[PDB]
Amino acid sequence: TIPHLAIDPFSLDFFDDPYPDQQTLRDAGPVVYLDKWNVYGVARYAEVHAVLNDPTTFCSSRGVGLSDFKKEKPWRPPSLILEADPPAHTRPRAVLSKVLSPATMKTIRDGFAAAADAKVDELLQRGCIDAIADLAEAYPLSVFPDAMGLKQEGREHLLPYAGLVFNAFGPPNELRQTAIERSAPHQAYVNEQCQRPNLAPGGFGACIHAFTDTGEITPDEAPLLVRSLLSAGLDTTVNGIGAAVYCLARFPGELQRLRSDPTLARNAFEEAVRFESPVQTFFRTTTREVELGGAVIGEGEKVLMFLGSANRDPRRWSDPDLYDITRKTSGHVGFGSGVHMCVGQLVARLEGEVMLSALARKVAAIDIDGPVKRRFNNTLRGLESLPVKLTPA
Ligand code: HEM
Ligand SMILES: Cc1ccc(C(=O)O)cc1
Ligand SMILES: [Cl-]
């Protein structure tokens, strides 16, 4: 009853252009079986949303990558939040929610905005830049490690560590094997920075450790929760901001609308998150036999959720392949949905908003003026190099 497909959603050919294969996955049926990796797949909005919002049946504690923690050893100690189910998930989640809370955004917004304005000013002096290394990477590197409270030395490990984390959600292909092979110095750096004495006062890391006396987390839980922010907090925003600049470079009509009303900056970023879906996929594991669509999935099966496909499903979205900065984006699953929905979404949106605001106010044109190069990762979608000419307003 369930169609079997040979599509490999973790192949370089798929990463290079996923959209035809994602339509094939959607149109084959509400639930597919991917023979390449022996997992179920859901690529329509409806089933992705349903799976995300039933954490009891579609659990996370057996891993949200291909590997089943009941069968294989995790490559690193499980995340106390991402790779936990209720009730164990609940108090670590509440702590990170308060650490990255609406009130916390007020303390960092002025500095994040000034750094975004300063970066665009700097880039406009050069004119021809790489919007990945010089903007999408450079701006988050200029605000997020400091907001964490990290020392300066060793920050070159942060993007490699995150690339490793997101590759390690994938199947055991070359991208994953190579990442793990090179992982030891990056894990050593990251694990050391998670310890309380190495996190500067007032930053996100110190605030996590400060929550260890409320009864929500114990002291021995704080390093792994810092680890979660050092895993998820930087590379995601790099590819979110890169996606937004890539969209504005490809759709100049939308750059023109954004210039005319810079208060569209926040929704222009949100639409970029829907349109590119920097985090493409996550897995769940069934805790029981379950009916989904019309298929009966057995217990202990991996289910691959295509977040990017769900965000382009024409059953849910009008003109899904169009970048529209005034679109009603509410309900997109680029940040997830339900109990695990991105706890750092306010940081991500703040960074994206203030960068797009700086562009909206300072830049008249963004023209691709060099070869575009894609960056390949088992979970992240984004570019390696995006040469652009910035024309000042
Ligand atoms: C454009 C930027 C980002 C995107 C697209 C993104 C994507 C996601 C997604 C899809 C999930 C759901 C995971 C699941 O359902 O299994 C998630 C969760 C999470 N994100 Fe974000 N993320 C972004 C930025 C950030 C930032 C900036 C931080 C921290 C500062 C962060 C920290 C986390 C954490 C800790 C979780 C786990 C939450 C939980 O399991 O309850 N993320 N993210
Ligand atoms: C997207 C993402 C990646 C890693 C983590 C973590 O807890 O390590 C959380 C969320
Ligand atoms: Cl690690």
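Atoms within a ligand are numbered from 1 in the order they appear, just like the ligands themselves. Atom set for the values below is all heavy atoms of this structure, side chains included, hydrogens, waters and symmetry mates excluded. Along the sequence shown, residues carry numbers from 1.
The cationic group of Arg312 lies under 6.0 Å from the six-membered ring centre of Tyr19 and within 45° of the ring axis, placing it in a cation-pi geometry.
We find the CD-CD distance between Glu299 and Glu289 to be 10.0 Å, quoted to the nearest 0.5 Å. Interatomic distance, CZ of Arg284 versus CG of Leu304, reported as 11.0 Å (0.5 Å rounding).
Across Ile2, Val42, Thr57, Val31, a single residue satisfies side chain to side chain contact (heavy atoms under 4.5 Å, CB included) together with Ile297, and that is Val31.
For ligand 1, the atoms closer than 4.0 angstrom to any heavy atom of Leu82 are 13 (C), 14 (C), 16 (O), 40 (O). The atoms of ligand 1 that sit less than 4.0 Å from any heavy atom of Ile81 are 38 (C), 39 (C), 40 (O), 41 (O). Near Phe282, meaning under 4.0 Å from any of its heavy atoms, are these atoms of ligand 2: 1 (C). Distances below 4.0 Å separate heavy atoms of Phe166 from the following atoms of ligand 2: 1 (C), 3 (C).
Side chains of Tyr139 and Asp134: a donor-acceptor N/O pair is absent below 3.5 angstrom, by distance only. Side-chain N/O atoms of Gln187 and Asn191 include no donor and acceptor closer than 3.5 Å. Neither side chain, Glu270 nor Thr329, offers a donor N or O lying under 3.5 Å from an acceptor on the other. Side-chain contact of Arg76 with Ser231: a donor-acceptor pair under 3.5 Å is present, judged by distance alone. No donor-acceptor contact under 3.5 angstrom links the side chains of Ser11 and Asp13, judged on distance only. With hydrogens and angles left out, the side-chain atoms of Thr178 and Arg182 include no donor and acceptor closer than 3.5 Å. Between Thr263 and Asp261, the side chains place a donor N or O and an acceptor N or O closer than 3.5 Å (distance only, hydrogens not considered).
Among all non-hydrogen protein atoms, the one lying nearest atom 1 (C) of ligand 1 is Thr236 O, 3.7 Å. In terms of protein heavy-atom proximity, atom 33 (C) of ligand 1 is nearest to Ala232 CB, 3.7 Å. Ranking the protein heavy atoms by distance from atom 29 (C) of ligand 1 puts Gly233 CA, 3.7 Å first. The single protein non-hydrogen atom nearest to atom 8 (O) of ligand 2 is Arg76 NH2, 2.9 Å, given as residue, atom name and distance. For atom 6 (C) of ligand 1, the closest non-hydrogen atom on the protein side is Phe335 CD2, 3.8 Å. Ranking protein heavy atoms by distance to atom 35 (C) of ligand 1, first place goes to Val343 CG1, 3.5 Å. When only non-hydrogen protein atoms are considered, atom 5 (C) of ligand 2 lies nearest to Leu82 CD2, 3.7 Å. For atom 10 (C) of ligand 2, the closest heavy atom belonging to the protein is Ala232 CB, 3.5 Å. Nearest protein heavy-atom contact of atom 19 (C) of ligand 1 is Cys342 CA, 3.8 Å.
For ligand 1, one of its N or O atoms has an N or O atom of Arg284 under 3.5 Å away. On a distance-only criterion, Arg93 and ligand 1 share at least one N/O pair closer than 3.5 Å. For the pair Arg227 and ligand 2, the shortest N or O to N or O distance does not fall below 3.5 Å. Considering both main-chain and side-chain atoms, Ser228 comes within under 3.5 Å of ligand 2 through a nitrogen or oxygen pair.
The closest approach between any non-hydrogen atom of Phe204 and ligand 1 is not below 4.0 Å. Under a 4.0 Å heavy-atom criterion, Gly334 is in contact with ligand 1.
Between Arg315 and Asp313, at least one side-chain nitrogen of the basic residue sits less than 4.0 Å from a carboxylate oxygen of the acidic one, meeting the salt-bridge criterion.
Looking at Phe335 against ligand 2, nothing comes within 4.0 Å, counting heavy atoms. Residue contacts with ligand 1 for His340 involve both N, CA, C or O and side-chain atoms from C-beta outward (heavy atoms, distance under 4.0 Å). Contacts of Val339 with ligand 1, taken as heavy-atom pairs under 4.0 Å, involve the backbone alone. Residue contacts with ligand 1 for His89 involve side-chain atoms from C-beta outward but no N, CA, C or O (heavy atoms, distance under 4.0 Å).
When the heavy-atom distances from atom 28 (C) of ligand 1 to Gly344, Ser337, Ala348 are ranked, the shortest goes to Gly344.
Using a 4.5 Å heavy-atom cutoff, the side chains of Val238 and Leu380 are not in contact.
When the shell of 6.0 Å around CZ of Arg250 is examined, it contains more than 12 heavy atoms from other residues, nucleotides or ligands.
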